[PDB]
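Next comes entry14.txt, a file with compact mmCIF, C-alpha atoms.
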```txt
# COMPACT_ATOMS: atom_id res chain seq x y z
CA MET L 1 2.52 -17.05 11.65
CA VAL L 2 -0.36 -18.37 13.73
CA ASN L 3 -3.29 -17.07 11.68
CA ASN L 4 -3.95 -17.81 8.02
CA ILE L 5 -3.53 -15.09 5.39
CA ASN L 6 -7.00 -14.57 3.96
CA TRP L 7 -6.82 -12.16 1.02
CA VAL L 8 -8.91 -9.02 0.58
CA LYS L 9 -8.84 -6.24 -1.98
CA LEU L 10 -7.14 -2.90 -1.41
CA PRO L 11 -10.38 -0.82 -1.06
CA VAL L 12 -11.06 -2.51 2.29
CA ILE L 13 -8.34 -0.25 3.71
CA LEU L 14 -10.23 2.78 2.42
CA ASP L 15 -13.40 2.08 4.41
CA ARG L 16 -11.17 2.40 7.46
CA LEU L 17 -9.24 5.52 6.47
CA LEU L 18 -12.24 7.55 5.30
CA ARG L 19 -13.85 7.07 8.71
CA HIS L 20 -11.43 9.88 9.59
CA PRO L 21 -12.69 13.20 8.17
CA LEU L 22 -9.15 14.52 7.64
CA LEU L 23 -8.32 11.53 5.41
CA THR L 24 -11.28 12.02 3.05
CA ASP L 25 -9.18 13.14 0.07
CA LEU L 26 -7.44 9.74 -0.12
CA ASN L 27 -7.71 7.62 -3.25
CA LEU L 28 -7.11 4.12 -4.50
CA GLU L 29 -4.05 5.56 -6.25
CA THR L 30 -2.66 6.81 -2.94
CA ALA L 31 -3.67 3.57 -1.22
CA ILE L 32 -1.78 1.59 -3.87
CA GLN L 33 1.54 3.39 -3.38
CA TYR L 34 1.40 3.54 0.41
CA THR L 35 0.56 -0.17 0.59
CA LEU L 36 3.62 -1.21 -1.41
CA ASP L 37 5.85 1.05 0.68
CA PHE L 38 4.34 -0.54 3.79
CA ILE L 39 4.57 -4.11 2.45
CA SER L 40 8.24 -3.52 1.63
CA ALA L 41 9.24 -1.73 4.84
CA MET L 42 7.82 -4.51 7.00
CA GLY L 43 9.46 -7.23 4.93
CA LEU L 44 7.12 -9.98 6.07
CA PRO L 45 7.75 -13.13 3.98
CA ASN L 46 4.19 -14.36 4.66
CA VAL L 47 2.64 -11.60 2.53
CA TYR L 48 4.29 -12.95 -0.64
CA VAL L 49 3.29 -15.90 -2.82
CA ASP L 50 5.80 -18.70 -3.19
CA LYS L 51 6.34 -19.69 -6.82
CA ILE L 52 8.65 -22.15 -8.58
CA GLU L 53 9.72 -21.81 -12.23
CA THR L 54 12.22 -23.71 -14.35
CA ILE L 55 14.30 -21.45 -16.59
CA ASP L 56 17.07 -22.47 -18.97
CA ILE L 57 20.54 -20.94 -18.81
CA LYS L 58 22.03 -20.18 -22.21
CA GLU L 59 25.59 -19.20 -21.36
CA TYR L 60 25.97 -18.30 -17.68
CA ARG L 61 22.78 -16.23 -18.08
CA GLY L 62 19.06 -16.88 -17.87
CA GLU L 63 15.95 -14.75 -17.99
CA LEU L 64 14.13 -14.41 -14.74
CA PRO L 65 10.32 -14.36 -14.37
CA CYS L 66 8.41 -11.10 -14.56
CA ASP L 67 6.73 -11.30 -11.14
CA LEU L 68 9.91 -12.15 -9.22
CA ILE L 69 10.60 -10.15 -6.06
CA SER L 70 12.94 -12.32 -4.00
CA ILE L 71 14.56 -15.66 -4.74
CA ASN L 72 14.18 -18.36 -2.10
CA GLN L 73 16.66 -20.74 -3.74
CA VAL L 74 18.02 -21.54 -7.17
CA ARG L 75 18.81 -25.20 -7.83
CA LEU L 76 19.73 -27.39 -10.78
CA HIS L 77 16.92 -29.18 -12.55
CA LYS L 78 18.57 -32.52 -13.30
CA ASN L 79 20.32 -32.94 -9.94
CA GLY L 80 18.28 -30.90 -7.52
CA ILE L 81 21.56 -29.65 -6.02
CA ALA L 82 21.21 -26.05 -4.91
CA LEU L 83 23.36 -23.11 -5.99
CA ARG L 84 24.79 -20.83 -3.31
CA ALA L 85 26.10 -17.45 -4.41
CA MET L 86 28.57 -15.91 -6.80
CA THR L 87 31.58 -14.48 -5.00
CA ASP L 88 33.82 -14.73 -8.09
CA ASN L 89 34.86 -11.39 -9.55
CA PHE L 90 35.72 -12.92 -12.96
CA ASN L 91 32.95 -15.47 -13.38
CA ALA L 92 32.12 -16.22 -17.03
CA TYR L 93 35.36 -14.60 -18.17
CA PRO L 94 38.19 -16.83 -19.41
CA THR L 95 41.92 -16.50 -18.92
CA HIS L 96 44.38 -17.08 -21.76
CA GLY L 97 33.49 -26.01 -8.91
CA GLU L 98 30.52 -25.65 -6.60
CA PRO L 99 27.86 -23.96 -8.77
CA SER L 100 26.61 -20.47 -8.05
CA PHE L 101 24.18 -17.82 -9.16
CA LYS L 102 23.87 -14.04 -9.16
CA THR L 103 20.85 -11.91 -9.99
CA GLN L 104 20.69 -8.20 -10.74
CA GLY L 105 17.75 -7.31 -12.94
CA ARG L 106 15.64 -9.66 -14.99
CA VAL L 107 18.83 -11.66 -15.64
CA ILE L 108 20.35 -14.37 -13.45
CA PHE L 109 24.09 -15.00 -13.77
CA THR L 110 25.07 -18.60 -13.02
CA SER L 111 28.31 -20.57 -13.01
CA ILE L 112 26.93 -23.24 -15.37
CA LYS L 113 26.91 -22.65 -19.11
CA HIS L 114 24.02 -24.64 -20.63
CA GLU L 115 21.65 -25.94 -17.97
CA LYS L 116 18.05 -25.73 -16.77
CA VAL L 117 17.55 -24.42 -13.24
CA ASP L 118 14.57 -24.33 -10.91
CA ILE L 119 14.02 -21.00 -9.16
CA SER L 120 11.83 -20.91 -6.07
CA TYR L 121 10.82 -17.31 -5.52
CA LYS L 122 8.33 -14.89 -4.03
CA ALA L 123 5.89 -12.66 -5.90
CA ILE L 124 3.04 -10.32 -4.99
CA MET L 125 -0.51 -11.67 -5.04
CA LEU L 126 -2.68 -9.78 -7.52
CA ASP L 127 -6.42 -9.42 -8.17
CA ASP L 128 -8.61 -9.80 -11.21
CA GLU L 129 -7.19 -6.31 -11.71
CA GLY L 130 -3.43 -6.25 -11.77
CA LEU L 131 -3.42 -4.75 -8.29
CA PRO L 132 -2.05 -5.84 -4.90
CA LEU L 133 -4.11 -8.01 -2.58
CA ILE L 134 -3.66 -7.48 1.16
CA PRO L 135 -4.23 -9.73 4.21
CA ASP L 136 -7.50 -9.30 6.04
CA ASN L 137 -5.62 -9.49 9.35
CA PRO L 138 -7.05 -6.67 11.51
CA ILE L 139 -3.55 -6.18 12.92
CA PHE L 140 -2.07 -5.82 9.42
CA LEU L 141 -5.06 -3.74 8.32
CA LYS L 142 -4.91 -1.46 11.36
CA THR L 143 -1.20 -0.70 11.01
CA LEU L 144 -1.44 -0.22 7.24
CA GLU L 145 -4.21 2.26 8.05
CA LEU L 146 -1.94 3.92 10.62
CA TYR L 147 0.87 3.93 8.06
CA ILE L 148 -1.16 5.92 5.54
CA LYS L 149 -2.54 8.16 8.30
CA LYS L 150 1.06 8.90 9.32
CA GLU L 151 2.24 9.67 5.78
CA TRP L 152 -0.75 11.91 5.11
CA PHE L 153 -0.40 13.69 8.46
CA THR L 154 3.31 14.23 7.85
CA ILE L 155 2.46 16.17 4.68
CA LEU L 156 -0.22 18.08 6.58
CA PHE L 157 2.23 18.89 9.39
CA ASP L 158 4.71 20.31 6.87
CA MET L 159 1.85 22.41 5.47
CA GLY L 160 0.92 23.64 8.94
CA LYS L 161 -2.52 21.99 8.90
CA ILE L 162 -1.96 19.56 11.81
CA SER L 163 -0.93 20.07 15.41
CA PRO L 164 2.48 18.72 16.48
CA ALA L 165 0.59 16.87 19.21
CA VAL L 166 -1.60 15.22 16.57
CA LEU L 167 1.35 13.98 14.52
CA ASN L 168 3.18 12.85 17.65
CA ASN L 169 0.21 10.65 18.56
CA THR L 170 0.07 9.13 15.07
CA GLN L 171 3.82 8.55 15.00
CA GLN L 172 3.54 6.83 18.39
CA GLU L 173 0.55 4.67 17.52
CA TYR L 174 2.03 3.52 14.22
CA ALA L 175 5.24 2.73 16.10
CA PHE L 176 3.46 0.37 18.49
CA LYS L 177 1.32 -1.40 15.91
CA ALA L 178 4.30 -1.88 13.58
CA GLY L 179 5.97 -4.04 16.22
CA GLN L 180 2.75 -5.84 17.04
CA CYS L 181 2.28 -6.47 13.31
CA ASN L 182 5.85 -7.70 13.00
CA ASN L 183 5.42 -10.10 15.90
CA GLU L 184 2.04 -11.20 14.57
CA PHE L 185 3.60 -12.43 11.33
CA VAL L 186 6.99 -13.63 12.61
CA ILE L 187 6.23 -15.55 15.83
CA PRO L 188 5.72 -19.17 14.77
CA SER L 189 2.62 -21.28 14.98
CA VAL L 190 2.54 -24.50 17.01
CA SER L 191 3.25 -26.44 13.83
CA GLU L 192 6.29 -24.28 13.00
CA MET L 193 7.70 -24.53 16.52
CA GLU L 194 7.71 -28.30 16.02
CA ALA L 195 9.96 -27.99 12.98
CA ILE L 196 12.00 -25.47 14.96
CA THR L 197 12.15 -28.03 17.78
CA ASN L 198 13.47 -30.77 15.51
CA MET L 199 16.16 -28.53 14.02
CA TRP L 200 17.27 -27.36 17.46
CA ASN L 201 17.44 -30.76 19.18
CA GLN L 202 19.91 -32.82 17.14
CA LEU L 203 22.41 -35.20 18.73
CA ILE L 204 24.23 -35.65 15.41
CA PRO L 205 24.05 -32.07 14.04
CA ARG L 206 22.59 -31.75 10.55
CA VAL L 207 24.57 -28.96 8.91
CA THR L 208 23.80 -29.39 5.18
CA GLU L 209 20.16 -28.37 4.83
CA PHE L 210 20.87 -25.83 2.07
CA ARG L 211 21.78 -28.61 -0.38
CA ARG L 212 18.19 -29.80 -0.23
CA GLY L 213 15.48 -27.19 -0.44
CA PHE L 214 15.67 -27.09 3.37
CA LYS L 215 13.35 -30.09 2.99
CA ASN L 216 14.67 -32.18 5.88
CA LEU L 217 15.29 -29.10 8.04
CA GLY L 218 12.43 -29.58 10.49
CA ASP L 219 12.60 -33.39 10.31
CA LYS L 220 12.96 -35.18 13.63
CA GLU L 221 16.28 -36.80 14.47
CA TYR L 222 15.94 -40.42 15.65
CA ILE L 223 18.51 -42.43 17.61
CA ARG L 224 18.54 -46.22 17.69
CA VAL L 225 18.44 -48.07 21.01
CA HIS L 226 21.44 -50.26 21.77
CA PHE J 1 -16.50 54.91 5.50
CA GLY J 2 -16.23 51.15 5.15
CA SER J 3 -14.51 48.14 3.60
CA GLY J 4 -13.59 45.12 5.66
CA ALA J 5 -11.63 42.60 3.60
CA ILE J 6 -8.28 43.50 5.18
CA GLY J 7 -9.64 44.04 8.66
CA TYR J 8 -11.16 40.56 8.38
CA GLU J 9 -8.06 38.77 7.12
CA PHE J 10 -5.83 40.44 9.71
CA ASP J 11 -8.24 39.58 12.53
CA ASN J 12 -8.64 36.05 11.15
CA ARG J 13 -4.84 35.74 11.06
CA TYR J 14 -4.40 37.02 14.63
CA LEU J 15 -6.85 34.43 15.93
CA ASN J 16 -4.98 31.85 13.86
CA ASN J 17 -1.65 32.76 15.47
CA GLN J 18 -3.30 32.78 18.90
CA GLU J 19 -4.76 29.34 18.18
CA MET J 20 -1.35 28.19 16.96
CA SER J 21 0.16 29.17 20.32
CA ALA J 22 -2.56 27.26 22.20
CA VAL J 23 -1.99 23.98 20.33
CA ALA J 24 1.77 24.27 20.91
CA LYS J 25 1.24 23.97 24.67
CA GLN J 26 -0.56 20.64 24.33
CA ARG J 27 1.35 17.68 25.74
CA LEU J 28 0.33 14.04 25.95
CA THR J 29 2.53 13.33 28.97
CA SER J 30 4.60 10.17 29.31
CA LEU J 31 5.00 9.33 32.92
CA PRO J 32 2.88 6.43 34.39
```
Write-out of the structure in structure tokens:
Amino acid sequence: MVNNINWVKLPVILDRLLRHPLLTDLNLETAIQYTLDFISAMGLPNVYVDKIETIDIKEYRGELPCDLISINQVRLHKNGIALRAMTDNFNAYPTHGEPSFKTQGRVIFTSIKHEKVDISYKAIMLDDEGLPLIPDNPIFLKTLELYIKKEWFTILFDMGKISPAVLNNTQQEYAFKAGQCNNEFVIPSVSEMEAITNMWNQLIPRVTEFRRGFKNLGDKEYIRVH
Amino acid sequence: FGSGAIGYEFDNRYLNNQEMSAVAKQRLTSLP
């Protein structure tokens, strides 16, 4: 992402929607739900807050933080060696290796019995209220506004209170801005294309960046003169 | 005599269906 994510409260999206006199029955409560549907459906990893927590595994199980949304990596605390993924069907089960993890709910399922693990994860940024906080990006803000205008107009079109030409314009305009908003958040900055440059140009290919926290991923590869 | 609450709602509904036909001919065209 080229621009920085400056945070603003959710009611800044309601100044923009209630400029439209057909969207004047909108609420904070409706703006809360349609934001989280929009934040999810875009899947932009720049909208989330990166956190790291150390949890302790009791017997192939550990309790996961409350704010966790997606795990970046799980690693061991004493080694720093990262855990990949549990493909075993019979993991902590005895009959009569490379460590792994698996997460379903608020429980993580590891391959190690009694160990502390660091979990680097993503959460949602909150307010003084326990409410979501959105980027002030006028591309993000415009297409979140067009998201809610397209969900409200879809209800109104089912009711028969909106022209099919009106909904077709809103469905088209949200469809353009959703790609512009995707490209706004995905396309790297100059400082991220340098780390992409160093990963791409490697005379001796570095193929074990998952073992670290992808720390040396964008590091530059140097060759001695001889 | 006179009472016009069913003459009104039938005339208001005929102008609604005539308006509904007019907004169904609207096209935002998509050639250059």
Could the residues of chain L within 9 Å of chain J, counting only C-alpha atoms, be given as a PDB file with C-alpha atoms, in the coordinates of the input, please?
```
ATOM      1  CA  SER L 163      -0.930  20.070  15.410  1.00  0.00           C
ATOM      2  CA  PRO L 164       2.480  18.720  16.480  1.00  0.00           C
ATOM      3  CA  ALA L 165       0.590  16.870  19.210  1.00  0.00           C
ATOM      4  CA  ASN L 168       3.180  12.850  17.650  1.00  0.00           C
ATOM      5  CA  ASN L 169       0.210  10.650  18.560  1.00  0.00           C
TER       6      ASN L 169
END
```
- Distance of atom CA of residue L:72 from atom CA of residue L:115, expressed in Å to one decimal place: 19.1 Å
- Message: I'd like the neighbourhood of stretch 126-136 of chain L as JSON, numbers by chain, where a residue qualifies if any of its atoms comes within 7 Å (using all atoms listed in the file), though same-chain residues fewer than 2 positions away should be ignored.
- Response: {"L": [5, 6, 7, 8, 9, 10, 124, 138, 140, 141]}
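From atom CA of residue J:30 back to atom CA of residue L:38, the distance works out to 27.7 Å.
Atom CA of residue L:184 lies 22.6 Å from atom CA of residue L:151.
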- Once you count only C-alpha atoms, which residues end up no further than 6 Å from (13.4, -19.9, -2.4) in the file's frame, shown as JSON, numbers by chain? {"L": [71, 72, 73, 120, 121]}
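When the distance limit is 12 Å and all atoms listed in the file are what count, the residues near stretch 86-91 of chain L, minus those fewer than 2 positions from it on the same chain, are residues 59, 60, 61, 74, 83, 84, 93, 94, 95, 97, 98, 99, 100, 101, 102, 103, 104, 108, 109, 110, 111, 112 and 113 of chain L.
With distances restricted to all atoms listed in the file, L:219 is the closest residue to residue L:194 from L:219, L:31, L:210, L:172.
For the residues L:12, L:187, L:162, L:85, ranking by smallest atom-to-atom distance to residue L:32 using all atoms listed in the file places L:12 first.
Between residue L:211 and the residues L:18, L:159, L:82, L:123, the shortest atom-to-atom distance, using only C-alpha atoms, involves L:82.
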Using the atoms already present, construct N, CA and C atoms for stretch 5-30 of chain J and hand them back as a PDB file, in the coordinates of the input.
```pdb
ATOM      1  N   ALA J   5     -12.285  43.806   4.077  1.00  0.00           N
ATOM      2  CA  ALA J   5     -11.630  42.600   3.600  1.00  0.00           C
ATOM      3  C   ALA J   5     -10.177  42.505   4.041  1.00  0.00           C
ATOM      4  N   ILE J   6      -9.657  43.519   4.722  1.00  0.00           N
ATOM      5  CA  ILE J   6      -8.280  43.500   5.180  1.00  0.00           C
ATOM      6  C   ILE J   6      -8.312  43.592   6.703  1.00  0.00           C
ATOM      7  N   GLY J   7      -9.380  44.179   7.239  1.00  0.00           N
ATOM      8  CA  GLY J   7      -9.640  44.040   8.660  1.00  0.00           C
ATOM      9  C   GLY J   7     -10.045  42.631   9.033  1.00  0.00           C
ATOM     10  N   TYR J   8     -10.751  41.944   8.133  1.00  0.00           N
ATOM     11  CA  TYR J   8     -11.160  40.560   8.380  1.00  0.00           C
ATOM     12  C   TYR J   8      -9.957  39.633   8.347  1.00  0.00           C
ATOM     13  N   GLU J   9      -9.147  39.723   7.290  1.00  0.00           N
ATOM     14  CA  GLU J   9      -8.060  38.770   7.120  1.00  0.00           C
ATOM     15  C   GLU J   9      -6.939  39.002   8.121  1.00  0.00           C
ATOM     16  N   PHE J  10      -6.807  40.215   8.656  1.00  0.00           N
ATOM     17  CA  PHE J  10      -5.830  40.440   9.710  1.00  0.00           C
ATOM     18  C   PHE J  10      -6.348  39.967  11.058  1.00  0.00           C
ATOM     19  N   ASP J  11      -7.651  40.114  11.303  1.00  0.00           N
ATOM     20  CA  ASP J  11      -8.240  39.580  12.530  1.00  0.00           C
ATOM     21  C   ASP J  11      -8.330  38.062  12.478  1.00  0.00           C
ATOM     22  N   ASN J  12      -8.619  37.500  11.302  1.00  0.00           N
ATOM     23  CA  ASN J  12      -8.640  36.050  11.150  1.00  0.00           C
ATOM     24  C   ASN J  12      -7.257  35.446  11.292  1.00  0.00           C
ATOM     25  N   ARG J  13      -6.218  36.200  10.956  1.00  0.00           N
ATOM     26  CA  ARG J  13      -4.840  35.740  11.060  1.00  0.00           C
ATOM     27  C   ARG J  13      -4.282  35.910  12.463  1.00  0.00           C
ATOM     28  N   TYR J  14      -4.822  36.840  13.246  1.00  0.00           N
ATOM     29  CA  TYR J  14      -4.400  37.020  14.630  1.00  0.00           C
ATOM     30  C   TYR J  14      -4.996  35.938  15.510  1.00  0.00           C
ATOM     31  N   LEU J  15      -6.237  35.548  15.228  1.00  0.00           N
ATOM     32  CA  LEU J  15      -6.850  34.430  15.930  1.00  0.00           C
ATOM     33  C   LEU J  15      -6.233  33.110  15.508  1.00  0.00           C
ATOM     34  N   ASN J  16      -5.715  33.032  14.281  1.00  0.00           N
ATOM     35  CA  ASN J  16      -4.980  31.850  13.860  1.00  0.00           C
ATOM     36  C   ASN J  16      -3.661  31.718  14.619  1.00  0.00           C
ATOM     37  N   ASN J  17      -2.911  32.815  14.751  1.00  0.00           N
ATOM     38  CA  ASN J  17      -1.650  32.760  15.470  1.00  0.00           C
ATOM     39  C   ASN J  17      -1.854  32.575  16.967  1.00  0.00           C
ATOM     40  N   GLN J  18      -2.982  33.042  17.500  1.00  0.00           N
ATOM     41  CA  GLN J  18      -3.300  32.780  18.900  1.00  0.00           C
ATOM     42  C   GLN J  18      -3.716  31.334  19.110  1.00  0.00           C
ATOM     43  N   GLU J  19      -4.413  30.752  18.134  1.00  0.00           N
ATOM     44  CA  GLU J  19      -4.760  29.340  18.180  1.00  0.00           C
ATOM     45  C   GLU J  19      -3.528  28.468  18.024  1.00  0.00           C
ATOM     46  N   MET J  20      -2.590  28.915  17.192  1.00  0.00           N
ATOM     47  CA  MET J  20      -1.350  28.190  16.960  1.00  0.00           C
ATOM     48  C   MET J  20      -0.496  28.130  18.222  1.00  0.00           C
ATOM     49  N   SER J  21      -0.541  29.180  19.044  1.00  0.00           N
ATOM     50  CA  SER J  21       0.160  29.170  20.320  1.00  0.00           C
ATOM     51  C   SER J  21      -0.507  28.222  21.315  1.00  0.00           C
ATOM     52  N   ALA J  22      -1.831  28.085  21.239  1.00  0.00           N
ATOM     53  CA  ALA J  22      -2.560  27.260  22.200  1.00  0.00           C
ATOM     54  C   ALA J  22      -2.347  25.779  21.936  1.00  0.00           C
ATOM     55  N   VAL J  23      -2.241  25.383  20.664  1.00  0.00           N
ATOM     56  CA  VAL J  23      -1.990  23.980  20.330  1.00  0.00           C
ATOM     57  C   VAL J  23      -0.532  23.594  20.458  1.00  0.00           C
ATOM     58  N   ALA J  24       0.358  24.554  20.684  1.00  0.00           N
ATOM     59  CA  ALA J  24       1.770  24.270  20.910  1.00  0.00           C
ATOM     60  C   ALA J  24       2.088  24.084  22.379  1.00  0.00           C
ATOM     61  N   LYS J  25       1.105  24.264  23.253  1.00  0.00           N
ATOM     62  CA  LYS J  25       1.240  23.970  24.670  1.00  0.00           C
ATOM     63  C   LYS J  25       0.648  22.621  25.031  1.00  0.00           C
ATOM     64  N   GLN J  26       0.075  21.913  24.064  1.00  0.00           N
ATOM     65  CA  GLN J  26      -0.560  20.640  24.330  1.00  0.00           C
ATOM     66  C   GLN J  26       0.478  19.534  24.419  1.00  0.00           C
ATOM     67  N   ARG J  27       0.410  18.760  25.497  1.00  0.00           N
ATOM     68  CA  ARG J  27       1.350  17.680  25.740  1.00  0.00           C
ATOM     69  C   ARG J  27       0.578  16.458  26.199  1.00  0.00           C
ATOM     70  N   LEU J  28       0.768  15.353  25.491  1.00  0.00           N
ATOM     71  CA  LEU J  28       0.330  14.040  25.950  1.00  0.00           C
ATOM     72  C   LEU J  28       1.488  13.474  26.774  1.00  0.00           C
ATOM     73  N   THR J  29       1.400  13.607  28.097  1.00  0.00           N
ATOM     74  CA  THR J  29       2.530  13.330  28.970  1.00  0.00           C
ATOM     75  C   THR J  29       2.831  11.834  29.044  1.00  0.00           C
ATOM     76  N   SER J  30       4.065  11.520  29.430  1.00  0.00           N
ATOM     77  CA  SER J  30       4.600  10.170  29.310  1.00  0.00           C
ATOM     78  C   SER J  30       5.288   9.726  30.592  1.00  0.00           C
TER      79      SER J  30
END
```
